[PDB]
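*Asks:* Before I ask anything, let me first share the structure, which is written out below as C-alpha cells.
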Amino acid sequence: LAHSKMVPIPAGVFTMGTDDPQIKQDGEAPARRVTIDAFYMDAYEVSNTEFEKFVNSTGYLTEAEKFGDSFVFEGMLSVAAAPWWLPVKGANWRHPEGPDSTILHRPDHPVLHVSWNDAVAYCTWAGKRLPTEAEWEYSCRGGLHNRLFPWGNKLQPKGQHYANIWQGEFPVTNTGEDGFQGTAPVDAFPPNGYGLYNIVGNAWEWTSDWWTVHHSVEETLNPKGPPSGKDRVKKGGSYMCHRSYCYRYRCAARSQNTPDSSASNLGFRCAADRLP
Ligand SMILES: *[C@@H]1O[C@H](CO)[C@@H](O[C@@H]2O[C@H](CO)[C@@H](O)[C@H](O)[C@H]2NC(C)=O)[C@H](O)[C@H]1NC(C)=O
Ligand SMILES: [Ca+2]
Ligand SMILES: [Ca+2]
Ligand SMILES: [Cl-]
C-alpha cells in the first residue's frame, strides 16, 4: 500500500460552480473560470492507518477526543443537524460509532471524526496542506468540463458503481448495492482522470476555505476563498448521500461546518505545492 501517494494535478483553467445549480442555497452558482497552478493532490482520502502513523509520531489528541463526543449517524449504531445525527459520547476516530466500536478491521478506510483543525495538523505534519476549494473542485473534475461527476454525467456509467453513496430509502434502509453500507477502503472504486479515488462519496472532505455563498463571476487565479468566515468548506459528499435528500456527490456541490466540528462521515485528503 502507498496510501499517502500523491498525483500531479496539471496546471489549467476550469469552470468552477455551475449555471445549473441543483442546490441553489449552497452557492453552486455562478459558473466562473478559475486558473490553477500545477500542484500535488493525495490520490486517497487519509486512512485510519495513515492517521495512526501521525498520532503515533506526535501524540496528537483530536478535538472529538478532548470534547468527549462526536456526531454519529443513527443508522450506524449497533446539537444535531437532523434527527439521524446523534452526539455520541466516546465516538472518535478510533471508535467511529462509539466506545464499543473499533477500527481494527478497517485500517484502510478513511479516517473519520476529524475536525478541520485535526486535518490541518495531519497535513502539515505530513509536509502538506489542505487543498483550497477551487483546487479540490478542479481535481474532482478530473479534466472534464461542466460534468456532474468526476467521470461524466451518468451515475452508473456502463452499469457500474463509480462511488460509495447510499442506495435505498434514506435513512431507514441502505441496501449496500454498491458494496459498502458505511465507508469503503480508500482505494475502492475507479480513479478519475487525474488518478484520484473516492473524491465524491465515501467520506466528505475538508478544504481550506472559509465558507461563503457569494461569488463573483470574475476570472481568478489560485483563489483562496473569503478572508473571514465562521464555517469552513467541505466537498464531495459521503456514503450517506442520495439523490432524494442530499444530492452532494457532485464536484460543484459544497457544504460547510465549523472548524471544530467532526462526524462519522467526514474526513479529508491533503495537497502540496511540491513533493514532500
Ligand atoms: C502505532 O504504534 C503502535 C504501538 O507501538 C504500533 O502497534 C504495535 O506494532 C508492533 C509491530 O507490529 C507490535 O509488535 C506491537 O505490539 C503493537 N502494539 C500494540 C500492542 O498494539 C502500530 O503499528 C503503529 N501504527 C502504525 C500505523 O504505524
Ligand atoms: Ca454505499
Ligand atoms: Ca470522499
Ligand atoms: Cl458542473
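Numbering starts fresh at 1 for the residues of each chain in the C-alpha cells, the chains themselves are lettered A, B, ... in the order given, and ligands are numbered from 1 as they appear.
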Mind listing the residues within 6 Å of ligand 1, only C-alpha atoms and all ligand atoms counted, as number ranges by chain?

*Replies:* A: 49-50, 52-53, 56

*Asks:* Mind checking which residues fall within 10 Å of residue A:91, counting only C-alpha atoms, ignoring those fewer than 5 positions away in the same chain, and posting them as a VMD selection string?

*Replies:* chain A and resid 64 to 65 68 to 72 96 to 102 112 to 113 262 to 264

*Asks:* Neighbouring residues of residue A:209 were defined as those with any atom within 10 Å, considering only C-alpha atoms; residues of the same chain fewer than 4 positions away were excluded. Please report them as a list in words.

*Replies:* residues 130, 131, 132, 133, 134, 223, 224, 225, 226, 227, 228, 229, 231, 232, 233, 234 and 256 of chain A

*Asks:* Can you write out the residues you just picked, keeping C-alpha atoms, as a PDB file, in the first residue's frame?

*Replies:*
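Everything below was put into again.pdb:
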```pdb
ATOM      1  CA  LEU A 130      -5.359  21.158   2.851  1.00  0.00           C
ATOM      2  CA  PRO A 131      -6.430  21.948  -0.716  1.00  0.00           C
ATOM      3  CA  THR A 132      -8.391  25.112  -1.424  1.00  0.00           C
ATOM      4  CA  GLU A 133     -11.983  24.595  -2.565  1.00  0.00           C
ATOM      5  CA  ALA A 134     -11.008  25.550  -6.113  1.00  0.00           C
ATOM      6  CA  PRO A 223      -8.326  31.695  -5.277  1.00  0.00           C
ATOM      7  CA  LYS A 224      -8.356  31.044  -1.535  1.00  0.00           C
ATOM      8  CA  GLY A 225     -11.937  31.962  -0.697  1.00  0.00           C
ATOM      9  CA  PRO A 226     -13.046  34.832   1.527  1.00  0.00           C
ATOM     10  CA  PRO A 227     -10.659  36.176   4.127  1.00  0.00           C
ATOM     11  CA  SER A 228     -13.086  35.627   7.007  1.00  0.00           C
ATOM     12  CA  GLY A 229     -15.968  33.410   7.987  1.00  0.00           C
ATOM     13  CA  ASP A 231     -17.591  27.778   8.779  1.00  0.00           C
ATOM     14  CA  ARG A 232     -15.026  26.029   6.599  1.00  0.00           C
ATOM     15  CA  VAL A 233     -15.937  24.449   3.242  1.00  0.00           C
ATOM     16  CA  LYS A 234     -16.275  20.685   2.837  1.00  0.00           C
ATOM     17  CA  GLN A 256     -19.787  23.656   5.464  1.00  0.00           C
TER      18      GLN A 256
END
```

*Asks:* Skip stretch 38-42 of chain A itself and residues of its chain fewer than 2 positions away, then list as a PyMOL selection string all residues within 8 Å of it, counting only C-alpha atoms.

*Replies:* chain A and resi 4-12+36+44-45+131+139+196+269-275

*Asks:* May I have the residues within 9 Å of ligand 4, computed using only C-alpha atoms and all ligand atoms, as a list in words?

*Replies:*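 Based on only C-alpha atoms and all ligand atoms, ligand 4 is surrounded within 9 Å by residues 15, 16, 17, 18, 19, 20, 21, 28, 31, 141, 145, 146, 147, 148, 149, 250, 251, 252 and 253 of chain A.
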
*Asks:* From a backbone DSSP assignment, name each residue in stretch 90-199 of chain A labelled strand (DSSP E), as a PyMOL selection string.

*Replies:* chain A and resi 168-169+173-174

*Asks:* Would you mind telling me which residue in A:194, A:183, A:24, A:168 lies nearest to residue A:143 when using only C-alpha atoms?

*Replies:*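 Between A:194, A:183, A:24, A:168, the residue approaching residue A:143 most closely is A:194.
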
*Asks:* Considering only C-alpha atoms, return as a ChimeraX atom specification whatever protein or nucleic-acid residues lie within 8 Å of residue A:109, sequence-local ones (same chain, fewer than 2 positions apart) excluded.

*Replies:* /A:47-48,106-107,111,183-186

*Asks:* Keeping only C-alpha atoms, write the selected residues to a file as a PDB file, in the first residue's frame.

*Replies:*
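File produced: selection.pdb:
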```
ATOM      1  CA  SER A  47      -6.852   6.374   6.009  1.00  0.00           C
ATOM      2  CA  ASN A  48      -7.019   5.098   9.588  1.00  0.00           C
ATOM      3  CA  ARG A 106     -10.997  -1.307   8.789  1.00  0.00           C
ATOM      4  CA  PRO A 107      -7.425   0.055   8.762  1.00  0.00           C
ATOM      5  CA  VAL A 111     -10.260   8.358   8.989  1.00  0.00           C
ATOM      6  CA  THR A 183     -17.203   3.504   4.352  1.00  0.00           C
ATOM      7  CA  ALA A 184     -15.117   1.637   1.767  1.00  0.00           C
ATOM      8  CA  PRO A 185     -11.347   1.280   1.609  1.00  0.00           C
ATOM      9  CA  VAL A 186      -9.684   4.468   0.424  1.00  0.00           C
TER      10      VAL A 186
END
```

*Asks:* Using only C-alpha atoms and all ligand atoms, what are the residues with an atom within 6 Å of ligand 2, set out as a PDB file with N, CA, C and O atoms, in the first residue's frame?

*Replies:*
```pdb
ATOM      1  N   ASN A 164     -19.057   5.386  -3.619  1.00  0.00           N
ATOM      2  CA  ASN A 164     -19.753   4.870  -2.438  1.00  0.00           C
ATOM      3  C   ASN A 164     -20.699   5.958  -1.893  1.00  0.00           C
ATOM      4  O   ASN A 164     -20.288   6.844  -1.180  1.00  0.00           O
ATOM      5  N   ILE A 165     -21.973   5.801  -2.248  1.00  0.00           N
ATOM      6  CA  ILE A 165     -23.059   6.647  -1.739  1.00  0.00           C
ATOM      7  C   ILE A 165     -24.156   5.693  -1.225  1.00  0.00           C
ATOM      8  O   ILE A 165     -23.918   4.525  -0.984  1.00  0.00           O
ATOM      9  N   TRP A 166     -25.379   6.192  -1.040  1.00  0.00           N
ATOM     10  CA  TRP A 166     -26.477   5.414  -0.494  1.00  0.00           C
ATOM     11  C   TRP A 166     -27.332   4.839  -1.621  1.00  0.00           C
ATOM     12  O   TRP A 166     -27.559   5.540  -2.585  1.00  0.00           O
ATOM     13  N   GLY A 176     -26.809  -1.321   0.397  1.00  0.00           N
ATOM     14  CA  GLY A 176     -25.470  -1.807   0.187  1.00  0.00           C
ATOM     15  C   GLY A 176     -25.185  -2.323  -1.200  1.00  0.00           C
ATOM     16  O   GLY A 176     -24.236  -3.076  -1.393  1.00  0.00           O
ATOM     17  N   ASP A 178     -23.853  -0.922  -3.782  1.00  0.00           N
ATOM     18  CA  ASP A 178     -22.536  -0.597  -4.284  1.00  0.00           C
ATOM     19  C   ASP A 178     -21.406  -1.335  -3.570  1.00  0.00           C
ATOM     20  O   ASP A 178     -20.242  -1.098  -3.921  1.00  0.00           O
ATOM     21  N   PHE A 180     -20.898  -1.372  -0.067  1.00  0.00           N
ATOM     22  CA  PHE A 180     -20.492  -0.791   1.230  1.00  0.00           C
ATOM     23  C   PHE A 180     -21.663  -0.035   1.809  1.00  0.00           C
ATOM     24  O   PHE A 180     -22.211   0.901   1.200  1.00  0.00           O
ATOM     25  N   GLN A 181     -22.079  -0.393   3.021  1.00  0.00           N
ATOM     26  CA  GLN A 181     -23.072   0.395   3.756  1.00  0.00           C
ATOM     27  C   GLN A 181     -22.434   1.620   4.401  1.00  0.00           C
ATOM     28  O   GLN A 181     -22.951   2.733   4.269  1.00  0.00           O
ATOM     29  N   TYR A 239     -20.816   8.396   1.910  1.00  0.00           N
ATOM     30  CA  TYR A 239     -21.568   7.146   1.801  1.00  0.00           C
ATOM     31  C   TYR A 239     -23.046   7.285   2.145  1.00  0.00           C
ATOM     32  O   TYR A 239     -23.836   6.375   1.843  1.00  0.00           O
TER      33      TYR A 239
END
```

*Asks:* With only C-alpha atoms and all ligand atoms counted, collect every polymer residue having an atom within 8 Å of ligand 3; state the result as a list in words.

*Replies:*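 Here is the list of contacting residues: residues 45, 197, 198, 199, 200, 201, 202, 203, 204, 205, 235, 236, 237, 238, 267 and 268 of chain A.
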
*Asks:* Those residues you just picked out, can you put them in a file as a PDB file, in the first residue's frame with N, CA and C atoms?

*Replies:*
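The result, written out as out.pdb:
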```pdb
ATOM      1  N   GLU A  45      -8.236   9.569   0.151  1.00  0.00           N
ATOM      2  CA  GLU A  45      -8.580  10.081   1.461  1.00  0.00           C
ATOM      3  C   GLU A  45      -7.554   9.551   2.464  1.00  0.00           C
ATOM      4  N   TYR A 197      -9.105   8.802  -6.139  1.00  0.00           N
ATOM      5  CA  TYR A 197     -10.087   7.815  -5.687  1.00  0.00           C
ATOM      6  C   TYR A 197     -11.035   8.468  -4.669  1.00  0.00           C
ATOM      7  N   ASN A 198     -12.318   8.137  -4.768  1.00  0.00           N
ATOM      8  CA  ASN A 198     -13.337   8.466  -3.780  1.00  0.00           C
ATOM      9  C   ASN A 198     -13.415   9.942  -3.512  1.00  0.00           C
ATOM     10  N   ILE A 199     -13.129  10.760  -4.528  1.00  0.00           N
ATOM     11  CA  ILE A 199     -13.224  12.219  -4.390  1.00  0.00           C
ATOM     12  C   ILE A 199     -14.682  12.659  -4.272  1.00  0.00           C
ATOM     13  N   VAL A 200     -15.615  11.953  -4.925  1.00  0.00           N
ATOM     14  CA  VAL A 200     -17.011  12.047  -4.500  1.00  0.00           C
ATOM     15  C   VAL A 200     -17.369  10.769  -3.749  1.00  0.00           C
ATOM     16  N   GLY A 201     -18.213  10.920  -2.726  1.00  0.00           N
ATOM     17  CA  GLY A 201     -18.614   9.807  -1.911  1.00  0.00           C
ATOM     18  C   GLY A 201     -17.582   9.362  -0.875  1.00  0.00           C
ATOM     19  N   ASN A 202     -17.932   8.308  -0.162  1.00  0.00           N
ATOM     20  CA  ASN A 202     -17.119   7.676   0.886  1.00  0.00           C
ATOM     21  C   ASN A 202     -17.111   8.606   2.094  1.00  0.00           C
ATOM     22  N   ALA A 203     -16.063   9.387   2.331  1.00  0.00           N
ATOM     23  CA  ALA A 203     -16.101  10.439   3.348  1.00  0.00           C
ATOM     24  C   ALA A 203     -16.173  11.801   2.661  1.00  0.00           C
ATOM     25  N   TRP A 204     -16.895  12.740   3.264  1.00  0.00           N
ATOM     26  CA  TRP A 204     -16.779  14.146   2.932  1.00  0.00           C
ATOM     27  C   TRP A 204     -15.314  14.578   3.145  1.00  0.00           C
ATOM     28  N   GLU A 205     -14.913  15.701   2.520  1.00  0.00           N
ATOM     29  CA  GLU A 205     -13.540  16.130   2.577  1.00  0.00           C
ATOM     30  C   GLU A 205     -13.413  17.617   2.917  1.00  0.00           C
ATOM     31  N   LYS A 235     -16.379  19.276   0.848  1.00  0.00           N
ATOM     32  CA  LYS A 235     -16.743  18.922  -0.514  1.00  0.00           C
ATOM     33  C   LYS A 235     -16.906  17.415  -0.674  1.00  0.00           C
ATOM     34  N   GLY A 236     -17.695  17.059  -1.681  1.00  0.00           N
ATOM     35  CA  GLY A 236     -17.671  15.748  -2.270  1.00  0.00           C
ATOM     36  C   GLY A 236     -18.736  14.714  -1.869  1.00  0.00           C
ATOM     37  N   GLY A 237     -19.429  14.979  -0.751  1.00  0.00           N
ATOM     38  CA  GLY A 237     -20.376  14.013  -0.283  1.00  0.00           C
ATOM     39  C   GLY A 237     -19.747  12.750   0.286  1.00  0.00           C
ATOM     40  N   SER A 238     -20.651  11.881   0.781  1.00  0.00           N
ATOM     41  CA  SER A 238     -20.270  10.718   1.551  1.00  0.00           C
ATOM     42  C   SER A 238     -21.116   9.488   1.217  1.00  0.00           C
ATOM     43  N   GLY A 267     -14.013  13.230   6.575  1.00  0.00           N
ATOM     44  CA  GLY A 267     -12.582  13.043   6.562  1.00  0.00           C
ATOM     45  C   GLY A 267     -11.894  14.141   5.738  1.00  0.00           C
ATOM     46  N   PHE A 268     -10.821  13.764   5.058  1.00  0.00           N
ATOM     47  CA  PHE A 268     -10.059  14.741   4.281  1.00  0.00           C
ATOM     48  C   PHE A 268      -8.978  14.031   3.484  1.00  0.00           C
TER      49      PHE A 268
END
```

*Asks:* For a quick check of understanding, using only C-alpha atoms, which of A:23, A:157, A:93, A:116 has the smallest distance to residue A:246?

*Replies:* A:23

*Asks:* May I have all residues of stretch 133-198 of chain A that DSSP, computed from the backbone, assigns to alpha helix (DSSP H), given as a VMD selection string?

*Replies:* chain A and resid 133 to 141

*Asks:* Restricting the calculation to only C-alpha atoms, which member of A:138, A:207, A:187, A:92 is positioned closest to residue A:2?

*Replies:*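 Of all the options, A:187 lies closest to residue A:2.
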